[PDB]
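Undergrad: Below: one structure in structure tokens.
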Amino acid sequence: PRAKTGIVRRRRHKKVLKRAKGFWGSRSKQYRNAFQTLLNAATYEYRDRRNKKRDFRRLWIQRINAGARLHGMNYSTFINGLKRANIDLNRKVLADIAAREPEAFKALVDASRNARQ
Amino acid sequence: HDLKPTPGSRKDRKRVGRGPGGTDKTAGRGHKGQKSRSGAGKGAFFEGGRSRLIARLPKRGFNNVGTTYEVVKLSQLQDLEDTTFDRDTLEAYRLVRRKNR
Amino acid sequence: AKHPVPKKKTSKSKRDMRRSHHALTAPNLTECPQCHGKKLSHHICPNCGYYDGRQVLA
Amino acid sequence: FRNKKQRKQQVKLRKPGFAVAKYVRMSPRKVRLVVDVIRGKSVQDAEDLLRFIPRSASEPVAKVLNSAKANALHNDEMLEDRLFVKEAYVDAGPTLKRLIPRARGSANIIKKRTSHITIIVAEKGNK
Amino acid sequence: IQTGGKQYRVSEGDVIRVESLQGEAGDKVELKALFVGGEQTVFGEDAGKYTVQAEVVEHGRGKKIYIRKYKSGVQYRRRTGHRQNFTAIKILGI
Amino acid sequence: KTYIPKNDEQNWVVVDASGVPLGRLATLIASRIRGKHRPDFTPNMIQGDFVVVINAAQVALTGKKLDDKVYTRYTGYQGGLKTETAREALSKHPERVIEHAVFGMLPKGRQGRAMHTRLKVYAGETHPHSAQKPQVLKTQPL
Amino acid sequence: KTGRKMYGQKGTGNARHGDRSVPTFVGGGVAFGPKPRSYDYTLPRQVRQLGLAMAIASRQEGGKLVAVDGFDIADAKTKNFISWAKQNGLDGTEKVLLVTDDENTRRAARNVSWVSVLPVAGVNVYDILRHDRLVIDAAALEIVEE
RNA sequence: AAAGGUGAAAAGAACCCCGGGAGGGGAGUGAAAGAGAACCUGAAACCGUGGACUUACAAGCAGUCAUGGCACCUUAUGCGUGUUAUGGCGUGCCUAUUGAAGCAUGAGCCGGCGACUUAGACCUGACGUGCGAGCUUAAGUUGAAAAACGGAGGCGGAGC
RNA sequence: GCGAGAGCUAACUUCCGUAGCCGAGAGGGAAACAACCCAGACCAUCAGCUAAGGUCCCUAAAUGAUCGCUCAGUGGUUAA
RNA sequence: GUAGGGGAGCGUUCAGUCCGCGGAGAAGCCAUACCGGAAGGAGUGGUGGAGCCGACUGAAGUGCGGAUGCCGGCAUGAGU
């Protein structure tokens, strides 16, 4: 017996259309293109988590030595140093201590130099 | 009157092997059945044929189809059954019903 | 055939980017000195029929 | 409150300073040009502008205005000499597809569109 | 960080992956890397001296996150739900 | 969780270009501009101090300031709009020799451009100090 | 209904069509549509035996019941059929099946939800398992075979 | 070819305003009238009005991740919803290919229609059930708001 | 790539043998770029160590250390 | 992980059964920051104006973006 596609397709779509918002023109008002925009969307969505991990860590490092070099070292040097002192093992946050607590960072800085030369 | 779908007529299950779901050509987004060219919308490439050894193969033998006798094995009588009588009939129900031959 | 033809439908956007210049300019109606009804500067007042005196019949 | 069904009875729902000319045989696109200058002002002015504006979209846009008024008063008891054009806008009614011959057999279909010119007047006031 | 915090602070509720020990108040104890209890800027090991104690606050089911993939030309489309679990804990250590 | 932004800062440094190897110097300028030891040290927007260079006209090169260093510049539809000049040839506008060797060692995006804005060279010396009324921490090269 | 040749195999401007009577044509045929048939297969005898047998059990294992003539009736009435029903546990809350010949007896059963009549043990695994309580009644089909 | 649908019932809108009219606004009927006769529901492309955040050194598959500004906070003030700026990354889909962003094919957009089926006591095999060394009916028969009967015939049972 | 025929020891040329890769392979590198180099993506994380490659500024990381070589911009398009 | 094989499910209509639901308001429609591993499901609000959810089982004209597809509506070109 006859079995339409009634109400079953509308839904399916609005499901997508709706995912689309700040999607410029057609990419948000028309299905077809709306949806299609949403495959490349996949490409990005995914490959972006695996990724922002690389990115952020890059913002971290950049500071960790724009503070390190702020006394006379350098991420490179400043870091093998704390490493020298198995005692030190932050890496994570370490940068922040560079961004807000100048006092501390000072400590760790010189702390390394004296685990160096 | 709480809630109770009830067991019985409706509570009757299939069997767990009784019968699997058909097959509609669409296993995920990514179906476009058949080979991928040179096969479709028709039916005749067949599977039989007369050149594929069928031919090239010799033979004339000669068909006849003489008589076909009914084998009433020996164990069929001895071992068990107490001369429930062979004869020409009683053998039927003994089970050795072939007829025609 | 129709030799030159367009390479795509133009955005409802762009199709508008264009039109930002078809906006009419509202006449500069001025108030008649007599009938005090608004007229079109330099022409005869369609209402009273004046232009310092009365030219056009009522 | 109550429930929808009830409200529909307790209320009649009216449209203050509203008037609409439906099915005006003209491209909405044309008419909007006109309505566009009248939107938002001394209804006195709207009256005045129209009489002069050159576009033939003007008469209609008139007839609807001198009714969105005539209602603003009669049926609404308003104070006309403070009646400005609250809102005006044009929408498209049916469309009169008509077939038209062409070069060598081919044919075409003309769109003789239409418009719903609704115009809404309100008492201005500042406070 | 990579589980089981560290650092100084003032005692807040923070979310970190499951801590096994369910229930609540499960006085959690963490080593310590760095910290300034009274400004006392203290680094590794020399830090081990002090420690942190927290109390399992609540366990949680993170916000849903659909993991999607797509490689073009080769069809291939993968929609799959997901959301990670966590353990909120209230900081309060030495 | 990582740190945020600031603003109410605009360190106003004055590097000297005298005798110093244009490039080196440049890199330095290009450094601070974009973000030195950086405050919140962040991308999104720039916090990289304002740079003022004096002299310039007395920057320094090496084997070629006649040979090799040819600042090219191709105008209108290149109907032979191939215009180039020797760097020494930039004795008409030393100012640009620098200014136009740095906008290179600076991002090229929207922000990037808005960043040449903070670089501000002067072919002179003391007279330059005139277009200078704010801070002026002279952090020469090395 | 539809003609057979259409436009131009080529050079018409986008198409390639046969009739206006095909699957891909609003108004045409229904490729792979449904046509009349029977879907009637003969389920092996021994099962149609282990059928109601097996069902009868279930019923006995629960709400079974028999009848040996119902002098209790007298006339169509039905009224009193309900009567008997009463003091027979047939409150009127259960689907009741009364397999039994007795032309006059059945005659009293034009009431809903309760019962549904059923002649000369012309039973049926369905009905039985369908309704609640079974009035196997006539021991007819119930005792004595082969 | 296409083309259905006021209400329960015409009670189908007396009378008044604007208009040559169409069209509308009140009043009144009605349970309801943007249920009013271009009359059930009324999606979507498409057109428009109003509002909120934005936009006039900018090189853009049109997203995505990050951060900040702004607005609002009925599954929602503690997380968010909408929006935006700057940064990073980022060669539409499908098909046909050795190889596609591809200056290679298809396609204006939306909605609805639109493609691996049905049959034959047919063949072969996986799962399952009924019996089991035996297992079954077909035509038909008689009943049927049900199905029993019906062994003709078929399959194991010796092969060469 | 290696081993040959062919072809001008010509071609993203052609035909075999053989190993790897793309095809059916995302990720880092090679400016960009199927197959070259490193390496095979179960999902989640503002955590960590490494490969090939890299560490003046545009980008992450020593304008590093020591002994030399060339002033050509060689480096950043061939030969008798 | 492409052709291909194997597994488990989601959804539509019709049908038999169970529990039921509805004019203080069903289906359909429209909105939404909930839930589920996906297909999808729920809650609340708006419209609507009468038939309709959920569960087991059976049968299917059963799921779509593509075919210069088909019908219909409406765009661009362009107040040209």
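Labels for the structure tokens follow display order: chains A, B, ..., residues from 1 in each chain, ligands from 1.
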Residues of chain A within 7 Å of chain H, using only C-alpha atoms (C1' of nucleotides), as a list in words?

TA: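 In the required form, that comes to residues 36, 41, 44, 45, 48 and 52 of chain A.
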
Undergrad: Go ahead and save the residues from that selection, with N, CA, C and O atoms, as a PDB file, in the first residue's frame.

TA:
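Final output, saved to out.pdb:
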```pdb
ATOM      1  N   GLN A  36      24.930  20.946   2.199  1.00  0.00           N
ATOM      2  CA  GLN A  36      26.226  20.787   1.577  1.00  0.00           C
ATOM      3  C   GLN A  36      27.293  21.582   2.291  1.00  0.00           C
ATOM      4  O   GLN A  36      28.421  21.140   2.426  1.00  0.00           O
ATOM      5  N   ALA A  41      31.770  21.481   6.749  1.00  0.00           N
ATOM      6  CA  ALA A  41      31.609  21.857   8.129  1.00  0.00           C
ATOM      7  C   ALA A  41      32.188  20.705   8.946  1.00  0.00           C
ATOM      8  O   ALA A  41      32.959  20.923   9.882  1.00  0.00           O
ATOM      9  N   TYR A  44      35.874  20.597   9.099  1.00  0.00           N
ATOM     10  CA  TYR A  44      36.436  21.533  10.033  1.00  0.00           C
ATOM     11  C   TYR A  44      36.147  21.166  11.458  1.00  0.00           C
ATOM     12  O   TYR A  44      37.067  21.049  12.258  1.00  0.00           O
ATOM     13  N   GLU A  45      34.873  21.001  11.783  1.00  0.00           N
ATOM     14  CA  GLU A  45      34.504  20.638  13.142  1.00  0.00           C
ATOM     15  C   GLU A  45      35.558  19.674  13.689  1.00  0.00           C
ATOM     16  O   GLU A  45      36.361  20.039  14.552  1.00  0.00           O
ATOM     17  N   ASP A  48      39.351  20.125  13.911  1.00  0.00           N
ATOM     18  CA  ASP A  48      39.642  21.298  14.688  1.00  0.00           C
ATOM     19  C   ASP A  48      39.919  21.040  16.146  1.00  0.00           C
ATOM     20  O   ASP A  48      40.622  21.820  16.774  1.00  0.00           O
ATOM     21  N   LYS A  52      43.024  22.580  17.746  1.00  0.00           N
ATOM     22  CA  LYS A  52      43.171  23.679  18.695  1.00  0.00           C
ATOM     23  C   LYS A  52      44.158  23.316  19.781  1.00  0.00           C
ATOM     24  O   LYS A  52      44.660  24.176  20.513  1.00  0.00           O
TER      25      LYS A  52
END
```

Undergrad: Excluding residue D:69 and its own-chain neighbours fewer than 6 positions away, which residues fall within 10 Å of it when counting only C-alpha atoms (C1' of nucleotides)? Please give them as a list in words.

TA: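 Within the cut-off, the hits are residues 16, 17, 18, 19, 43, 63, 75, 76, 78, 80, 83, 84, 85, 119, 120, 121 and 122 of chain D; 17, 18 and 25 of chain H.
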
Undergrad: Kindly provide, as a PyMOL selection string, the residues of chain J having any atom no farther than 8 Å from an atom of chain E, counting only C-alpha atoms (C1' of nucleotides).

TA: chain J and resi 2+37-38

Undergrad: Starting from chain B, keep only residues with some atom at most 12 Å from an atom of chain H, counting only C-alpha atoms (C1' of nucleotides), and report them as a count of residues only.

TA: 37

Undergrad: Taking 6 positions as the minimum chain separation for residues in the same chain, which residues sit within 8 Å of residue F:37 when counting only C-alpha atoms (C1' of nucleotides)? Answer as JSON, numbers by chain.

TA: {"A": [63, 65, 66, 67, 69, 70]}

Undergrad: Export, as a compact mmCIF listing (two decimals), in the first residue's frame, the selected residues with N, CA, C and O atoms.

TA:
```txt
# COMPACT_ATOMS: atom_id res chain seq x y z
N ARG A 63 54.30 32.98 25.28
CA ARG A 63 54.39 33.82 26.46
C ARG A 63 55.50 33.33 27.39
O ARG A 63 56.29 34.12 27.91
N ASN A 65 58.24 32.60 27.17
CA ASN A 65 59.60 33.07 26.93
C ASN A 65 59.68 34.55 26.63
O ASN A 65 60.78 35.13 26.58
N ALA A 66 58.52 35.17 26.40
CA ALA A 66 58.44 36.61 26.16
C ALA A 66 58.43 37.17 27.57
O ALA A 66 58.24 38.37 27.80
N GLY A 67 58.62 36.24 28.51
CA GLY A 67 58.69 36.53 29.93
C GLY A 67 60.06 36.00 30.32
O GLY A 67 60.78 36.61 31.11
N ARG A 69 62.66 35.70 28.37
CA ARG A 69 63.62 36.65 27.80
C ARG A 69 63.52 37.98 28.50
O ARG A 69 64.34 38.87 28.27
N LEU A 70 62.53 38.08 29.37
CA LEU A 70 62.27 39.29 30.16
C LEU A 70 63.24 39.44 31.36
O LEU A 70 63.22 40.43 32.10
```

Undergrad: Determine which residues of chain F DSSP labels as helix (DSSP H, G or I) from the backbone of this structure, then write them out as a short mmCIF file (atom, residue, chain, number, x, y, z; two decimals) with N, CA and C atoms, in the first residue's frame.

TA:
```
data_model
loop_
_atom_site.label_atom_id
_atom_site.label_comp_id
_atom_site.auth_asym_id
_atom_site.auth_seq_id
_atom_site.Cartn_x
_atom_site.Cartn_y
_atom_site.Cartn_z
N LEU F 22 70.39 47.57 8.69
CA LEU F 22 68.96 47.71 8.42
C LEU F 22 68.17 46.51 8.85
N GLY F 23 68.47 45.38 8.22
CA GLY F 23 67.77 44.15 8.54
C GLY F 23 67.67 43.90 10.03
N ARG F 24 68.80 43.54 10.65
CA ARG F 24 68.81 43.28 12.07
C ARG F 24 67.77 44.22 12.69
N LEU F 25 68.11 45.51 12.68
CA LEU F 25 67.29 46.57 13.25
C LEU F 25 65.85 46.34 12.95
N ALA F 26 65.59 46.13 11.68
CA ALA F 26 64.25 45.90 11.23
C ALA F 26 63.64 44.83 12.12
N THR F 27 64.20 43.62 12.06
CA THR F 27 63.67 42.52 12.84
C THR F 27 63.30 43.01 14.22
N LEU F 28 64.21 43.74 14.84
CA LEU F 28 63.92 44.26 16.15
C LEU F 28 62.62 45.05 16.12
N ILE F 29 62.56 46.07 15.27
CA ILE F 29 61.35 46.90 15.18
C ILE F 29 60.15 46.01 14.97
N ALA F 30 60.25 45.15 13.97
CA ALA F 30 59.16 44.25 13.66
C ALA F 30 58.76 43.39 14.87
N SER F 31 59.69 43.25 15.80
CA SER F 31 59.46 42.44 17.00
C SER F 31 58.46 43.10 17.91
N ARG F 32 58.91 44.18 18.53
CA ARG F 32 58.13 44.93 19.48
C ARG F 32 56.79 45.34 18.92
N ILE F 33 56.80 45.84 17.70
CA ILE F 33 55.57 46.25 17.07
C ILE F 33 54.47 45.21 17.28
N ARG F 34 54.71 44.03 16.73
CA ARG F 34 53.80 42.88 16.80
C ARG F 34 53.55 42.38 18.23
N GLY F 35 54.60 42.31 19.04
CA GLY F 35 54.46 41.84 20.41
C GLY F 35 55.79 41.33 20.94
N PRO F 94 65.13 57.92 2.27
CA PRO F 94 65.60 56.82 3.11
C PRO F 94 64.44 56.33 3.91
N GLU F 95 63.69 57.27 4.44
CA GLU F 95 62.54 56.95 5.25
C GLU F 95 61.86 55.66 4.86
N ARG F 96 61.62 55.46 3.56
CA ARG F 96 60.92 54.25 3.12
C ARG F 96 61.74 52.98 3.16
N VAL F 97 63.04 53.10 2.90
CA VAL F 97 63.96 51.96 2.89
C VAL F 97 63.71 51.11 4.12
N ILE F 98 63.53 51.77 5.25
CA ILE F 98 63.25 51.08 6.49
C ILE F 98 61.78 50.72 6.48
N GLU F 99 60.98 51.75 6.63
CA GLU F 99 59.54 51.64 6.67
C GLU F 99 59.06 50.56 5.73
N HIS F 100 59.74 50.41 4.60
CA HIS F 100 59.30 49.44 3.61
C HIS F 100 60.12 48.17 3.53
N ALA F 101 60.61 47.75 4.68
CA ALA F 101 61.41 46.55 4.78
C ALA F 101 60.91 45.93 6.04
N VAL F 102 60.07 46.68 6.74
CA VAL F 102 59.52 46.19 7.98
C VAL F 102 58.10 45.74 7.78
N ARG F 110 44.47 41.88 7.91
CA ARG F 110 43.80 43.13 8.25
C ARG F 110 44.55 43.83 9.38
N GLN F 111 44.74 43.11 10.46
CA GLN F 111 45.44 43.64 11.60
C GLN F 111 46.82 44.03 11.16
N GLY F 112 47.50 43.08 10.53
CA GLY F 112 48.85 43.32 10.06
C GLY F 112 49.08 44.71 9.50
N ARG F 113 48.22 45.11 8.57
CA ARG F 113 48.36 46.41 7.98
C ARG F 113 48.21 47.45 9.08
N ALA F 114 47.10 47.40 9.80
CA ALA F 114 46.88 48.36 10.87
C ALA F 114 48.10 48.43 11.79
N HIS F 116 51.41 48.89 10.59
CA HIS F 116 52.51 49.75 10.10
C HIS F 116 52.25 51.11 10.76
N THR F 117 50.97 51.35 11.01
CA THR F 117 50.49 52.54 11.68
C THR F 117 51.28 52.90 12.93
N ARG F 118 51.67 51.89 13.70
CA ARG F 118 52.41 52.14 14.91
C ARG F 118 53.90 52.35 14.66
N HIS F 127 65.60 66.77 15.45
CA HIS F 127 64.45 67.40 14.83
C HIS F 127 63.30 66.38 14.90
N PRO F 128 63.62 65.10 14.64
CA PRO F 128 62.57 64.07 14.70
C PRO F 128 61.86 64.07 16.05
N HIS F 129 62.67 64.20 17.10
CA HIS F 129 62.20 64.23 18.49
C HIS F 129 61.04 65.21 18.66
N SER F 130 60.79 66.00 17.62
CA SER F 130 59.70 66.94 17.67
C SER F 130 58.41 66.14 17.54
N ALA F 131 58.33 65.32 16.50
CA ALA F 131 57.14 64.51 16.34
C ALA F 131 57.17 63.45 17.47
#
```

Undergrad: May I have the residues within 12 Å of residue D:35 as a PyMOL selection string, using only C-alpha atoms (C1' of nucleotides) and disregarding those fewer than 3 positions away in the same chain?

TA: (chain C and resi 23-24+26) or (chain D and resi 28-32+38-41+46-47+49-50+53+55-62+64-65+85+87-91+115-120) or (chain H and resi 49)

Undergrad: With a distance threshold of 10 Å and counting only C-alpha atoms (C1' of nucleotides), extract the residues of chain J near chain B and express them as a list in words.

TA: residues 3, 4, 16, 17, 18, 19, 20, 39, 54, 55, 56, 57, 62, 63 and 64 of chain J

Undergrad: Using only C-alpha atoms (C1' of nucleotides), which chain H residues lie at most 10 Å away from chain G, written as a list in words?

TA: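 Residues passing the distance filter: residues 112, 113, 114, 115, 116, 117, 118, 119, 129, 130, 131, 136, 137, 143, 144, 145, 146, 147 and 148 of chain H.
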
Undergrad: I need the contact residues of chain C against chain H, so if you could list those with any atom within 12 Å, counting only C-alpha atoms (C1' of nucleotides), and return them as a PyMOL selection string, that would help.

TA: chain C and resi 6-12

Undergrad: Grab the residues selected above and save them as a PDB file, in the first residue's frame with C-alpha atoms.

TA:
```pdb
ATOM      1  CA  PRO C   6      24.536  36.059 -17.121  1.00  0.00           C
ATOM      2  CA  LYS C   7      26.907  33.710 -15.272  1.00  0.00           C
ATOM      3  CA  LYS C   8      24.705  33.246 -12.179  1.00  0.00           C
ATOM      4  CA  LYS C   9      21.647  34.483 -10.341  1.00  0.00           C
ATOM      5  CA  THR C  10      22.551  37.671  -8.505  1.00  0.00           C
ATOM      6  CA  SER C  11      22.191  37.647  -4.734  1.00  0.00           C
ATOM      7  CA  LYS C  12      18.940  39.146  -3.442  1.00  0.00           C
TER       8      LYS C  12
END
```

Undergrad: List as a PyMOL selection string the protein and nucleic acid residues near residue H:29, meaning an atom at most 12 Å away when only C-alpha atoms (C1' of nucleotides) are counted, but skip any in the same chain fewer than 4 places from it.

TA: chain H and resi 7+10-14+33+36
